[PDB]
Amino acid sequence: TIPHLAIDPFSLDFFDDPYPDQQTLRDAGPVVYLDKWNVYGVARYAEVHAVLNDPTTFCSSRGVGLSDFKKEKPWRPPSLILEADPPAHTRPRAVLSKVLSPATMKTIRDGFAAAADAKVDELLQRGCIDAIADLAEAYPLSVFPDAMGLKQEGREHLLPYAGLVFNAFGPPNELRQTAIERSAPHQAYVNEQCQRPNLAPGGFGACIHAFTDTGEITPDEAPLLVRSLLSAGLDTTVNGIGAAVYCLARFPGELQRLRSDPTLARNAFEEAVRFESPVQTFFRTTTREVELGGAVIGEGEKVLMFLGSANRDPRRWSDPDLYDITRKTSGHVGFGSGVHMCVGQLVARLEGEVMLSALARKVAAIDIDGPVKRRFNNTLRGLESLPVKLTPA
Ligand code: HEM
Ligand SMILES: O=C(O)c1ccc(-n2ccnc2)cc1
Ligand SMILES: [Cl-]
């Protein structure tokens with residue numbers, strides 16, 4: 001009764017243009033079986049949301065990539081937060097939620113905004129720039145390593161390490177194999193910066209280590225939670241900001257609306273997260289036989305959630321393939337949903353907001369003026385190169 005499809009959602013052709021295949025996945029049924037990788041798939045909003053919100057049945061501790069940690073050794077020691085289930089998940093999550101809290105956002109917002117304004121001013125002096133290297137990468141690199149408390153030396157490891165982490169959630173294709181082949185120097189740098197003496201006072205890493213005397217985490221858990229932020233906290237924002245700039249470049253009417261009301265910056269970023277869904281996919285593993293969308297899935301089965309597809313599902317969204325900066329975006333799953341819903345989302349939204357505010361106040365037009373090149377990753381969707389001309393306001 002479950003339809004079987006040969007679509008490979010980790011193939012370069014799929015990454016190059018996922019939208020037709022995502023409609024095929026949605027319209028085939030609420031639950032599909034992907035014969036290429038022997039996993040179940042859910043691509044509609046309803047089933048993605050249901051799976052996210054039943055962590056008991058659809059667990060994370062057997063891994064949120066294709067690999068099942070009950071069958072294979074994880075490529076690195078499991079994350080204490082992303083790859084943990086309640087109750088072990090709960091207190092590390094609470095620590096990261098306090099480290100990346102509103103009060104923290106209040107302490108960093110002015111500096112993050114000043115850096116965003118400064119970057120757009122610098123880019124306007126050049127006029128023609130690459131909105132990936134020169135903006136989507138450069139701006140997070142200018143604020144997030146410092147906010148972590150990292151030293152200057154070795155920061156060139158951070159984007160390659162993150163690319164490895166996000167490729168490693170994928171199946172054992174060439175993208176994953178090559179990433180792991182090149183991993184040893186990046187893992188070495190990252191594991192070393194996770195130690196308490198290497199994290200500057202007041203930054204996110206030091207604050208994690210400071211929580212090790214409350215009973216929520218022990219000192220030996222703090223380095224792995226720092227590792228979580230060094231895995232996730234930079235490349236996600238690169239692709240979120242890149243998505244927002246790409247949306248504004250393709251939809252100039254929405255850039256004009258944003259210029260006319262810069263307080264739409266935060267929602268324009270949120271809509272870009274829905275529209276592009278930089279984090280495309282995550283897996284769960286069933287802990288029992290379960291009925292989902294009328295289908296019966298056995299115990300110990302991997303279930304692939306298409307977050308980007310759920311965010312384009314016309315069963316949930318009006319005009320899903322339109323970028324609309326005043327859309328009611330609440331409920332999109334681009335940050336997940338439920339107990340694992342992105343604990344760094346306030347950092348992501350802060351960066352995206354202040355960059356889009358800088359653009360709204362300083363830029364009159366964003367025109368693609370060179371070849372667009374896509375970046376291929378088993379989990380992240382985004383561009384390698386986005387040549388644009390920025391016209392000043
Ligand atoms: C636009 C940017 C981002 C997007 C689209 C995004 C997406 C997501 C998603 C979909 C999840 C859910 C994972 C799951 O259900 O298995 C998640 C969780 C998480 N994110 Fe983000 N993220 C972003 C930025 C960040 C940032 C900036 C940080 C850190 C500063 C961060 C740290 C985390 C962590 C630690 C988790 C695990 C939370 C848990 O398992 O309880 N993320 N993110
Ligand atoms: O704990 C980890 O190692 C880890 C945690 C979170 C992500 N992630 C994905 C999207 N936002 C964050 C990636 C890795
Ligand atoms: Cl590592």
# chains A, B, ... in the order shown; residues from 1 in each chain; ligands from 1
call {"tool": "closest_atom_pairs", "arguments": {"of": "stretch 266-320 of chain A", "to": "stretch 256-259 of chain A", "cutoff": "12 Å", "atoms": "only C-alpha atoms", "output": "JSON lines"}}
result
{"residue": "A:266", "atom": "CA", "partner": "A:258", "partner_atom": "CA", "distance": 10.2}
{"residue": "A:267", "atom": "CA", "partner": "A:258", "partner_atom": "CA", "distance": 9.9}
{"residue": "A:268", "atom": "CA", "partner": "A:258", "partner_atom": "CA", "distance": 7.7}
{"residue": "A:269", "atom": "CA", "partner": "A:258", "partner_atom": "CA", "distance": 10.7}
call {"tool": "closest_atom_pairs", "arguments": {"of": "stretch 83-164 of chain A", "to": "stretch 38-61 of chain A", "cutoff": "10 Å", "atoms": "only C-alpha atoms", "output": "CSV"}}
result
residue,atom,partner,partner_atom,distance
A:83,CA,A:61,CA,4.7
A:84,CA,A:61,CA,4.5
A:85,CA,A:61,CA,5.6
A:86,CA,A:55,CA,8.1
A:88,CA,A:61,CA,9.7
A:89,CA,A:61,CA,9.3
call {"tool": "residues_near_ligand", "arguments": {"ligand": "ligand 2", "cutoff": "7 Å", "atoms": "only C-alpha atoms and all ligand atoms", "output": "count of residues only"}}
result
17
call {"tool": "select_by_dssp", "arguments": {"residues": "stretch 37-149 of chain A", "states": "strand (DSSP E or B)", "output": "list in words"}}
result
residues 39, 40, 41, 42, 58, 59, 128, 129 and 130 of chain A
call {"tool": "select_by_dssp", "arguments": {"residues": "stretch 27-234 of chain A", "states": "alpha helix (DSSP H)", "output": "tab-separated table (two decimals) with N, CA, C and O atoms, in the first residue's frame"}}
result
chain	number	residue	atom	x	y	z
A	27	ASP	N	2.83	13.96	-3.46
A	27	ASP	CA	1.59	13.55	-4.09
A	27	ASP	C	1.49	12.05	-4.20
A	27	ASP	O	0.38	11.54	-4.40
A	28	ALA	N	2.60	11.34	-4.02
A	28	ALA	CA	2.54	9.88	-4.07
A	28	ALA	C	1.78	9.29	-2.89
A	28	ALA	O	1.23	8.19	-3.02
A	45	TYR	N	3.47	18.52	4.95
A	45	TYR	CA	3.54	19.23	6.23
A	45	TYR	C	2.96	18.39	7.36
A	45	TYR	O	3.55	18.29	8.44
A	46	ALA	N	1.77	17.81	7.15
A	46	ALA	CA	1.08	17.13	8.24
A	46	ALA	C	1.92	16.02	8.85
A	46	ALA	O	2.05	15.94	10.08
A	47	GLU	N	2.52	15.15	8.02
A	47	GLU	CA	3.27	14.02	8.58
A	47	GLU	C	4.64	14.45	9.11
A	47	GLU	O	5.10	13.91	10.13
A	48	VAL	N	5.29	15.42	8.46
A	48	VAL	CA	6.54	15.95	9.01
A	48	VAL	C	6.29	16.51	10.40
A	48	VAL	O	7.01	16.20	11.36
A	49	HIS	N	5.22	17.31	10.55
A	49	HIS	CA	4.91	17.89	11.85
A	49	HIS	C	4.58	16.80	12.87
A	49	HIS	O	5.04	16.87	14.02
A	50	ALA	N	3.82	15.78	12.47
A	50	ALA	CA	3.48	14.72	13.42
A	50	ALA	C	4.73	13.96	13.87
A	50	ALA	O	4.88	13.65	15.06
A	51	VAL	N	5.63	13.67	12.94
A	51	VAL	CA	6.84	12.93	13.29
A	51	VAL	C	7.70	13.75	14.24
A	51	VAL	O	8.15	13.26	15.28
A	52	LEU	N	7.95	15.02	13.90
A	52	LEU	CA	8.72	15.90	14.78
A	52	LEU	C	8.17	15.91	16.20
A	52	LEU	O	8.92	16.02	17.16
A	90	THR	N	17.18	16.51	28.11
A	90	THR	CA	16.47	17.66	28.67
A	90	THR	C	17.41	18.67	29.32
A	90	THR	O	17.29	19.87	29.07
A	91	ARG	N	18.33	18.21	30.16
A	91	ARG	CA	19.13	19.21	30.86
A	91	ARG	C	20.19	19.85	29.96
A	91	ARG	O	20.38	21.07	30.04
A	92	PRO	N	20.87	19.10	29.08
A	92	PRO	CA	21.75	19.79	28.11
A	92	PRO	C	20.99	20.80	27.26
A	92	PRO	O	21.52	21.89	26.99
A	93	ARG	N	19.77	20.46	26.82
A	93	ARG	CA	18.96	21.42	26.09
A	93	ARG	C	18.68	22.66	26.92
A	93	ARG	O	18.79	23.79	26.43
A	94	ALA	N	18.34	22.48	28.21
A	94	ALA	CA	18.08	23.63	29.06
A	94	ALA	C	19.30	24.54	29.17
A	94	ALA	O	19.17	25.78	29.20
A	95	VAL	N	20.50	23.95	29.25
A	95	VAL	CA	21.71	24.75	29.32
A	95	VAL	C	21.90	25.56	28.04
A	95	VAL	O	22.16	26.75	28.08
A	96	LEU	N	21.73	24.92	26.87
A	96	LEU	CA	21.91	25.69	25.64
A	96	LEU	C	20.82	26.74	25.48
A	96	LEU	O	21.07	27.81	24.91
A	97	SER	N	19.61	26.47	25.96
A	97	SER	CA	18.54	27.47	25.89
A	97	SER	C	18.83	28.68	26.76
A	97	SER	O	18.37	29.79	26.46
A	98	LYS	N	19.57	28.49	27.86
A	98	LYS	CA	19.94	29.63	28.70
A	98	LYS	C	21.18	30.34	28.17
A	98	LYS	O	21.30	31.56	28.32
A	99	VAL	N	22.09	29.60	27.53
A	99	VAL	CA	23.26	30.21	26.93
A	99	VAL	C	22.86	31.08	25.74
A	99	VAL	O	23.42	32.16	25.53
A	102	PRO	N	17.21	35.16	25.41
A	102	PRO	CA	16.96	36.61	25.29
A	102	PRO	C	17.99	37.53	25.93
A	102	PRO	O	18.42	38.51	25.31
A	103	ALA	N	18.37	37.27	27.19
A	103	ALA	CA	19.37	38.12	27.82
A	103	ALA	C	20.67	38.09	27.05
A	103	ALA	O	21.33	39.12	26.90
A	104	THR	N	21.08	36.91	26.58
A	104	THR	CA	22.27	36.89	25.76
A	104	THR	C	22.05	37.75	24.53
A	104	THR	O	22.95	38.51	24.14
A	105	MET	N	20.87	37.63	23.89
A	105	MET	CA	20.63	38.40	22.68
A	105	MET	C	20.73	39.88	22.97
A	105	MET	O	21.29	40.64	22.17
A	106	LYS	N	20.23	40.31	24.13
A	106	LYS	CA	20.36	41.73	24.48
A	106	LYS	C	21.82	42.15	24.60
A	106	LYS	O	22.18	43.27	24.22
A	107	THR	N	22.69	41.25	25.09
A	107	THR	CA	24.10	41.60	25.25
A	107	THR	C	24.85	41.67	23.93
A	107	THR	O	25.90	42.32	23.87
A	108	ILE	N	24.37	41.01	22.88
A	108	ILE	CA	25.10	40.94	21.62
A	108	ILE	C	24.46	41.74	20.48
A	108	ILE	O	25.15	42.00	19.48
A	109	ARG	N	23.20	42.16	20.62
A	109	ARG	CA	22.47	42.75	19.49
A	109	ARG	C	23.17	44.00	18.93
A	109	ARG	O	23.28	44.15	17.71
A	110	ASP	N	23.63	44.91	19.79
A	110	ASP	CA	24.18	46.15	19.25
A	110	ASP	C	25.42	45.87	18.42
A	110	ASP	O	25.60	46.45	17.34
A	111	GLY	N	26.27	44.95	18.88
A	111	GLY	CA	27.46	44.63	18.12
A	111	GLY	C	27.14	43.91	16.83
A	111	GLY	O	27.77	44.16	15.80
A	112	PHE	N	26.16	43.00	16.87
A	112	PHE	CA	25.77	42.29	15.65
A	112	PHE	C	25.20	43.25	14.61
A	112	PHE	O	25.52	43.15	13.42
A	113	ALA	N	24.37	44.21	15.05
A	113	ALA	CA	23.82	45.19	14.13
A	113	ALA	C	24.91	46.10	13.57
A	113	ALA	O	24.95	46.37	12.37
A	114	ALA	N	25.81	46.60	14.42
A	114	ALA	CA	26.88	47.45	13.91
A	114	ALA	C	27.72	46.73	12.86
A	114	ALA	O	28.13	47.32	11.86
A	115	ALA	N	28.00	45.43	13.09
A	115	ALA	CA	28.79	44.68	12.13
A	115	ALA	C	28.04	44.48	10.82
A	115	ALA	O	28.64	44.46	9.74
A	116	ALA	N	26.72	44.31	10.90
A	116	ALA	CA	25.90	44.16	9.69
A	116	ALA	C	25.89	45.46	8.88
A	116	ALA	O	26.12	45.44	7.66
A	117	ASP	N	25.66	46.59	9.55
A	117	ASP	CA	25.71	47.88	8.87
A	117	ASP	C	27.08	48.14	8.26
A	117	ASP	O	27.19	48.61	7.12
A	118	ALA	N	28.14	47.83	9.01
A	118	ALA	CA	29.49	48.04	8.50
A	118	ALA	C	29.75	47.20	7.26
A	118	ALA	O	30.34	47.68	6.29
A	119	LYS	N	29.28	45.95	7.27
A	119	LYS	CA	29.50	45.08	6.12
A	119	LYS	C	28.79	45.62	4.88
A	119	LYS	O	29.37	45.67	3.80
A	120	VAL	N	27.54	46.05	5.03
A	120	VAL	CA	26.82	46.54	3.87
A	120	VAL	C	27.46	47.83	3.35
A	120	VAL	O	27.55	48.05	2.13
A	121	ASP	N	27.94	48.69	4.26
A	121	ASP	CA	28.66	49.89	3.83
A	121	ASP	C	29.90	49.52	3.02
A	121	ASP	O	30.17	50.12	1.96
A	122	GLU	N	30.68	48.55	3.51
A	122	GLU	CA	31.87	48.10	2.80
A	122	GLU	C	31.51	47.53	1.43
A	122	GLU	O	32.16	47.83	0.42
A	123	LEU	N	30.46	46.69	1.37
A	123	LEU	CA	30.07	46.10	0.10
A	123	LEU	C	29.62	47.17	-0.89
A	123	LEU	O	29.90	47.05	-2.09
A	124	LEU	N	28.94	48.22	-0.41
A	124	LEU	CA	28.48	49.29	-1.29
A	124	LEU	C	29.65	50.05	-1.91
A	124	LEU	O	29.51	50.60	-3.02
A	125	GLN	N	30.82	50.07	-1.26
A	125	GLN	CA	31.98	50.69	-1.86
A	125	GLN	C	32.52	49.88	-3.03
A	125	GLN	O	33.15	50.45	-3.94
A	126	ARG	N	32.32	48.57	-3.02
A	126	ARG	CA	32.71	47.71	-4.13
A	126	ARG	C	31.65	47.63	-5.22
A	126	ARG	O	31.99	47.49	-6.40
A	138	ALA	N	30.89	36.16	4.99
A	138	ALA	CA	31.71	37.14	5.68
A	138	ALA	C	31.02	37.70	6.93
A	138	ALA	O	31.67	37.91	7.96
A	139	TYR	N	29.71	37.98	6.85
A	139	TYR	CA	29.07	38.58	8.02
A	139	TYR	C	29.03	37.61	9.20
A	139	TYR	O	29.51	37.98	10.29
A	140	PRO	N	28.53	36.38	9.08
A	140	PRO	CA	28.60	35.48	10.24
A	140	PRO	C	30.01	35.23	10.73
A	140	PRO	O	30.23	35.11	11.94
A	141	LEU	N	30.98	35.13	9.82
A	141	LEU	CA	32.37	34.98	10.27
A	141	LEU	C	32.83	36.19	11.07
A	141	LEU	O	33.72	36.06	11.92
A	142	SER	N	32.25	37.36	10.82
A	142	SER	CA	32.68	38.56	11.54
A	142	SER	C	32.05	38.70	12.92
A	142	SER	O	32.52	39.52	13.71
A	143	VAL	N	31.01	37.93	13.26
A	143	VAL	CA	30.37	38.05	14.56
A	143	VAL	C	30.34	36.75	15.34
A	143	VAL	O	30.46	36.77	16.57
A	144	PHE	N	30.14	35.59	14.68
A	144	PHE	CA	29.82	34.41	15.47
A	144	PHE	C	31.05	33.79	16.15
A	144	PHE	O	30.97	33.45	17.34
A	145	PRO	N	32.19	33.63	15.46
A	145	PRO	CA	33.38	33.15	16.17
A	145	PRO	C	33.74	34.01	17.37
A	145	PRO	O	34.08	33.47	18.43
A	146	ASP	N	33.64	35.33	17.24
A	146	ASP	CA	33.89	36.19	18.39
A	146	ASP	C	32.86	35.96	19.49
A	146	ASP	O	33.21	35.92	20.68
A	147	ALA	N	31.58	35.80	19.13
A	147	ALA	CA	30.55	35.59	20.15
A	147	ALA	C	30.72	34.25	20.85
A	147	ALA	O	30.32	34.11	22.02
A	148	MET	N	31.29	33.26	20.16
A	148	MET	CA	31.67	32.01	20.80
A	148	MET	C	32.82	32.18	21.77
A	148	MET	O	32.97	31.36	22.68
A	158	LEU	N	36.34	26.36	10.38
A	158	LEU	CA	34.97	26.29	10.89
A	158	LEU	C	33.97	25.93	9.80
A	158	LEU	O	33.13	25.06	10.00
A	159	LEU	N	34.04	26.61	8.65
A	159	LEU	CA	33.12	26.28	7.56
A	159	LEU	C	33.38	24.88	7.01
A	159	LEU	O	32.42	24.13	6.81
A	160	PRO	N	34.63	24.45	6.77
A	160	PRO	CA	34.84	23.05	6.35
A	160	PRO	C	34.34	22.05	7.37
A	160	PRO	O	33.77	21.03	6.98
A	161	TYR	N	34.54	22.31	8.66
A	161	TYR	CA	34.04	21.37	9.66
A	161	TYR	C	32.52	21.27	9.59
A	161	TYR	O	31.96	20.16	9.63
A	162	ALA	N	31.84	22.41	9.48
A	162	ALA	CA	30.39	22.37	9.41
A	162	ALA	C	29.91	21.65	8.16
A	162	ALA	O	28.95	20.89	8.21
A	163	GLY	N	30.57	21.89	7.02
A	163	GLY	CA	30.18	21.18	5.81
A	163	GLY	C	30.28	19.68	5.99
A	163	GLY	O	29.41	18.93	5.52
A	164	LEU	N	31.35	19.22	6.65
A	164	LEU	CA	31.51	17.81	7.00
A	164	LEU	C	30.36	17.30	7.86
A	164	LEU	O	29.76	16.26	7.56
A	165	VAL	N	30.03	18.03	8.93
A	165	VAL	CA	28.96	17.60	9.84
A	165	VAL	C	27.66	17.43	9.07
A	165	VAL	O	26.95	16.42	9.21
A	166	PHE	N	27.32	18.41	8.24
A	166	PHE	CA	26.05	18.32	7.54
A	166	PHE	C	26.08	17.31	6.40
A	166	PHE	O	25.06	16.67	6.12
A	167	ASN	N	27.24	17.10	5.78
A	167	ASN	CA	27.33	16.01	4.81
A	167	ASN	C	27.22	14.65	5.50
A	167	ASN	O	26.71	13.69	4.89
A	168	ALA	N	27.72	14.53	6.73
A	168	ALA	CA	27.75	13.25	7.41
A	168	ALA	C	26.37	12.75	7.82
A	168	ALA	O	26.20	11.56	8.06
A	174	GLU	N	29.25	9.90	-2.35
A	174	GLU	CA	30.58	10.46	-2.48
A	174	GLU	C	30.72	11.76	-1.69
A	174	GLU	O	31.78	12.02	-1.12
A	175	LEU	N	29.66	12.57	-1.61
A	175	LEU	CA	29.73	13.77	-0.78
A	175	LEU	C	30.11	13.42	0.66
A	175	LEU	O	30.95	14.09	1.27
A	176	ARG	N	29.49	12.38	1.23
A	176	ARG	CA	29.80	12.02	2.61
A	176	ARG	C	31.19	11.41	2.72
A	176	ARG	O	31.96	11.75	3.63
A	177	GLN	N	31.51	10.49	1.81
A	177	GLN	CA	32.81	9.80	1.85
A	177	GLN	C	33.96	10.79	1.78
A	177	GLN	O	34.93	10.69	2.54
A	178	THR	N	33.89	11.72	0.83
A	178	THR	CA	34.94	12.71	0.67
A	178	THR	C	35.06	13.61	1.89
A	178	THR	O	36.17	13.91	2.36
A	179	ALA	N	33.92	14.01	2.46
A	179	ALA	CA	33.95	14.85	3.66
A	179	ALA	C	34.70	14.16	4.79
A	179	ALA	O	35.57	14.75	5.44
A	180	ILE	N	34.37	12.89	5.05
A	180	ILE	CA	35.00	12.20	6.16
A	180	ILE	C	36.48	11.99	5.88
A	180	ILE	O	37.31	12.09	6.78
A	181	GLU	N	36.84	11.75	4.60
A	181	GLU	CA	38.24	11.59	4.23
A	181	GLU	C	39.08	12.79	4.64
A	181	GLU	O	40.25	12.64	5.02
A	184	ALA	N	40.08	14.93	9.42
A	184	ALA	CA	40.94	14.84	10.60
A	184	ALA	C	41.48	16.20	11.08
A	184	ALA	O	41.38	16.47	12.29
A	185	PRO	N	42.03	17.07	10.23
A	185	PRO	CA	42.49	18.38	10.76
A	185	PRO	C	41.37	19.26	11.32
A	185	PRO	O	41.61	20.05	12.24
A	186	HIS	N	40.17	19.18	10.75
A	186	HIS	CA	39.07	20.02	11.23
A	186	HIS	C	38.54	19.51	12.56
A	186	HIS	O	38.26	20.31	13.47
A	187	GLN	N	38.39	18.19	12.70
A	187	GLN	CA	37.99	17.62	13.98
A	187	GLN	C	39.00	17.98	15.06
A	187	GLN	O	38.63	18.29	16.19
A	188	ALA	N	40.30	17.93	14.72
A	188	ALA	CA	41.34	18.22	15.70
A	188	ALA	C	41.25	19.66	16.20
A	188	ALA	O	41.33	19.91	17.40
A	189	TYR	N	41.12	20.61	15.28
A	189	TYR	CA	40.99	22.00	15.70
A	189	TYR	C	39.75	22.20	16.56
A	189	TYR	O	39.79	22.88	17.59
A	190	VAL	N	38.62	21.63	16.14
A	190	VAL	CA	37.36	21.90	16.83
A	190	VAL	C	37.38	21.28	18.22
A	190	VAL	O	37.04	21.93	19.21
A	191	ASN	N	37.81	20.02	18.32
A	191	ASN	CA	37.82	19.39	19.63
A	191	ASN	C	38.71	20.16	20.59
A	191	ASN	O	38.39	20.29	21.78
A	192	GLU	N	39.78	20.78	20.09
A	192	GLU	CA	40.66	21.55	20.96
A	192	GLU	C	40.03	22.87	21.43
A	192	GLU	O	40.19	23.26	22.59
A	193	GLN	N	39.29	23.57	20.55
A	193	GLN	CA	38.65	24.82	20.98
A	193	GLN	C	37.50	24.60	21.95
A	193	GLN	O	37.01	25.57	22.53
A	204	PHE	N	29.87	32.45	24.28
A	204	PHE	CA	28.94	31.33	24.43
A	204	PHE	C	29.65	30.10	25.00
A	204	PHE	O	29.06	29.34	25.79
A	205	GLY	N	30.89	29.86	24.58
A	205	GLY	CA	31.60	28.66	25.03
A	205	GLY	C	31.91	28.72	26.51
A	205	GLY	O	31.73	27.74	27.24
A	206	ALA	N	32.38	29.88	26.99
A	206	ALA	CA	32.63	30.04	28.41
A	206	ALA	C	31.35	29.90	29.22
A	206	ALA	O	31.34	29.34	30.33
A	207	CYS	N	30.23	30.40	28.68
A	207	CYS	CA	28.98	30.31	29.41
A	207	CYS	C	28.50	28.87	29.52
A	207	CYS	O	27.92	28.48	30.55
A	208	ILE	N	28.71	28.06	28.49
A	208	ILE	CA	28.41	26.63	28.62
A	208	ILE	C	29.21	26.02	29.77
A	208	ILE	O	28.67	25.31	30.63
A	209	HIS	N	30.53	26.28	29.79
A	209	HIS	CA	31.36	25.69	30.84
A	209	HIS	C	30.95	26.20	32.21
A	209	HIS	O	31.07	25.48	33.21
A	210	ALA	N	30.45	27.44	32.30
A	210	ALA	CA	30.02	27.94	33.60
A	210	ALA	C	28.79	27.21	34.13
A	210	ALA	O	28.59	27.19	35.35
A	222	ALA	N	30.51	19.64	28.96
A	222	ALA	CA	30.60	20.97	28.36
A	222	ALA	C	31.33	20.99	27.03
A	222	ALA	O	30.82	21.65	26.10
A	223	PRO	N	32.46	20.32	26.84
A	223	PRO	CA	33.10	20.39	25.51
A	223	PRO	C	32.21	19.90	24.38
A	223	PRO	O	32.25	20.48	23.29
A	224	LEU	N	31.41	18.85	24.59
A	224	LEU	CA	30.57	18.39	23.50
A	224	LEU	C	29.45	19.37	23.19
A	224	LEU	O	28.97	19.42	22.05
A	225	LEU	N	28.98	20.13	24.19
A	225	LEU	CA	27.96	21.13	23.90
A	225	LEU	C	28.56	22.31	23.16
A	225	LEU	O	27.91	22.88	22.26
A	226	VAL	N	29.80	22.70	23.49
A	226	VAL	CA	30.52	23.66	22.67
A	226	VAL	C	30.64	23.13	21.25
A	226	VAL	O	30.45	23.87	20.27
A	227	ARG	N	30.93	21.82	21.11
A	227	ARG	CA	31.06	21.21	19.79
A	227	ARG	C	29.78	21.36	18.99
A	227	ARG	O	29.83	21.59	17.77
A	228	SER	N	28.63	21.23	19.65
A	228	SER	CA	27.34	21.42	18.99
A	228	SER	C	27.25	22.81	18.36
A	228	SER	O	26.84	22.95	17.20
A	229	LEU	N	27.67	23.85	19.09
A	229	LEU	CA	27.56	25.21	18.57
A	229	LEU	C	28.59	25.45	17.46
A	229	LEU	O	28.31	26.18	16.51
A	230	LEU	N	29.78	24.85	17.57
A	230	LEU	CA	30.78	24.98	16.50
A	230	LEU	C	30.43	24.13	15.28
A	230	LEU	O	30.93	24.42	14.19
A	231	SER	N	29.59	23.11	15.45
A	231	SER	CA	29.06	22.37	14.31
A	231	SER	C	27.95	23.12	13.61
A	231	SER	O	27.90	23.16	12.37
A	232	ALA	N	27.03	23.68	14.37
A	232	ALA	CA	25.78	24.17	13.82
A	232	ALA	C	25.75	25.68	13.63
A	232	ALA	O	25.08	26.17	12.72
call {"tool": "closest_residue", "arguments": {"among": "A:101, A:173, A:218, A:326", "to": "ligand 1", "atoms": "only C-alpha atoms and all ligand atoms"}}
result
A:101
call {"tool": "residues_around", "arguments": {"residues": "stretch 239-245 of chain A", "least_positions_apart": "2", "cutoff": "8 Å", "atoms": "only C-alpha atoms", "output": "PyMOL selection string"}}
result
chain A and resi 131-132+135-136+235-237+247-249+268-269+272-273+276-278+348+351-352+355-356+380-383
call {"tool": "residues_around", "arguments": {"residues": "residue A:317", "least_positions_apart": "6", "cutoff": "10 Å", "atoms": "only C-alpha atoms", "output": "JSON, numbers by chain"}}
result
{"A": [45, 310, 311, 327, 328, 329, 332]}
call {"tool": "write_last_selection", "arguments": {"atoms": "N, CA and C atoms", "output": "mmCIF file, in the first residue's frame"}}
result
data_model
loop_
_atom_site.group_PDB
_atom_site.id
_atom_site.type_symbol
_atom_site.label_atom_id
_atom_site.label_comp_id
_atom_site.auth_asym_id
_atom_site.auth_seq_id
_atom_site.Cartn_x
_atom_site.Cartn_y
_atom_site.Cartn_z
ATOM 1 N N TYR A 45 3.471 18.524 4.952
ATOM 2 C CA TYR A 45 3.540 19.227 6.226
ATOM 3 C C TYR A 45 2.958 18.392 7.363
ATOM 4 N N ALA A 310 7.801 20.153 3.304
ATOM 5 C CA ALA A 310 6.727 20.505 4.222
ATOM 6 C C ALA A 310 6.465 22.001 4.187
ATOM 7 N N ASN A 311 7.533 22.783 4.040
ATOM 8 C CA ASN A 311 7.427 24.226 3.979
ATOM 9 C C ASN A 311 6.903 24.741 2.645
ATOM 10 N N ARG A 327 3.960 37.236 4.938
ATOM 11 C CA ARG A 327 3.274 35.968 5.200
ATOM 12 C C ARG A 327 3.230 35.670 6.698
ATOM 13 N N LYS A 328 2.117 35.094 7.157
ATOM 14 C CA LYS A 328 2.092 34.498 8.496
ATOM 15 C C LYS A 328 2.896 33.203 8.441
ATOM 16 N N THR A 329 4.149 33.270 8.881
ATOM 17 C CA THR A 329 5.083 32.162 8.761
ATOM 18 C C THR A 329 5.061 31.223 9.949
ATOM 19 N N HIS A 332 5.948 27.109 10.239
ATOM 20 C CA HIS A 332 6.895 26.463 9.344
ATOM 21 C C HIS A 332 7.865 25.615 10.162
#
call {"tool": "closest_residue", "arguments": {"among": "A:234, A:358, A:363, A:325", "to": "ligand 1", "atoms": "only C-alpha atoms and all ligand atoms"}}
result
A:234
call {"tool": "atom_distance", "arguments": {"atom1": "atom CA of residue A:335", "atom2": "atom CA of residue A:169"}}
result
16.5 Å
call {"tool": "closest_residue", "arguments": {"among": "A:271, A:68, A:324, A:156", "to": "residue A:171", "atoms": "only C-alpha atoms"}}
result
A:68
call {"tool": "residues_around", "arguments": {"residues": "residue A:294", "least_positions_apart": "2", "cutoff": "9 Å", "atoms": "only C-alpha atoms", "output": "short mmCIF file (atom, residue, chain, number, x, y, z; two decimals) with N, CA, C and O atoms, in the first residue's frame"}}
result
data_model
loop_
_atom_site.label_atom_id
_atom_site.label_comp_id
_atom_site.auth_asym_id
_atom_site.auth_seq_id
_atom_site.Cartn_x
_atom_site.Cartn_y
_atom_site.Cartn_z
N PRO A 30 0.97 10.04 1.80
CA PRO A 30 1.52 10.64 3.03
C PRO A 30 2.81 9.99 3.48
O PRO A 30 3.63 10.67 4.12
N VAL A 31 3.03 8.71 3.18
CA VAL A 31 4.26 8.00 3.52
C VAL A 31 4.73 7.27 2.28
O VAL A 31 3.94 6.60 1.61
N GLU A 291 1.58 3.46 13.22
CA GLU A 291 0.74 3.86 12.10
C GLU A 291 0.93 5.35 11.86
O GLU A 291 0.71 6.17 12.76
N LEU A 292 1.33 5.71 10.64
CA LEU A 292 1.55 7.10 10.27
C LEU A 292 0.90 7.34 8.92
O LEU A 292 1.22 6.64 7.95
N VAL A 296 1.74 1.53 7.98
CA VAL A 296 2.31 0.83 9.13
C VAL A 296 3.81 0.72 8.93
O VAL A 296 4.28 0.09 7.97
#
